[PDB]
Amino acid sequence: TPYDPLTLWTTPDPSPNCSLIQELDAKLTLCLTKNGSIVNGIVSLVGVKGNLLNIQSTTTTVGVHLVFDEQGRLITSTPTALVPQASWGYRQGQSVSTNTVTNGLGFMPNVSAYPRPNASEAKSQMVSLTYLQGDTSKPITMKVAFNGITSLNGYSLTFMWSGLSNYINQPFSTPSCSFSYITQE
């Protein structure tokens, strides 16, 4: 196989691929690898245009969602952060394969473990402390919610970087942040 069926990513060095506040104003690098019932994930977000380059005084949180359908295939429409033309799929070299994901449920967060109506439940969350800029003097929290911004028969991943309130005139930028979850299949 030319591609790796155990990995779904945005490629290592994606181009601005999100229009969070304004058109293509951010780069979301996300890689998901399936290891049995657990997905090892590494996410990273950085502002490249507009307010994301200069965190507004009132901003306390910056977040993105990835909503998938019942086959685990990403849906490129609000509120999914990645734009329609953005790379997302099996890994093939430093790029993405053009094949459609046919084992998508292997990467989706398990709904029995994280019921769609349970996003507020601590268990549907993996919360950690990290640092803006990667600067240890600028602590922030990262919360990953599982299936909280769902449909039905659908799945989702939500990433919230909070505690930004006290960080101004700084571009929004996170370190590579790790996380994991039990898989649907």
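Sequential numbering from 1, following the sequence displayed.
Enquirer: Can you let me know which of the two, 13-21 or 166-174, has the higher average C-alpha B-factor in the entry?
Expert: The entry gives the higher C-alpha B-factor average to 166-174.
Enquirer: Report the stretch with the higher mean CA temperature factor, choosing between 129-137 and 151-159 on the basis of the entry.
Expert: In the deposited entry, the stretch with the higher C-alpha B-factor mean is 151-159.
Enquirer: By the CA temperature factor listed in this entry, which of these ranks top: 32, 142, 53, 64?
Expert: Answer for 32, 142, 53, 64: 53, with the highest C-alpha B-factor.
Enquirer: By the CA temperature factor listed in this entry, which of these ranks top: 37, 124, 40, 57?
Expert: Answer, based on the entry's C-alpha B-factors: 57.
Enquirer: Select lowest, middle or highest to describe the third in which the CA B-factor of residue 113 falls within its chain in this entry.
Expert: Its C-alpha B-factor belongs to the middle third of this chain's values.
Enquirer: Based on the deposited C-alpha B factors for this chain, I'd like to know if residue 86 is in the lowest, middle or highest third.
Expert: Answer is lowest: the recorded C-alpha B-factor places it there.
Enquirer: Split the chain's modelled residues into thirds by Cα B-factor; is residue 8 in the lowest, middle or highest one?
Expert: Middle third.
Enquirer: Check where residue 184 lands among this chain's C-alpha B-factors and tell me if it's the lowest, middle or highest third.
Expert: It belongs to the middle third of the chain when residues are ordered by C-alpha B-factor.
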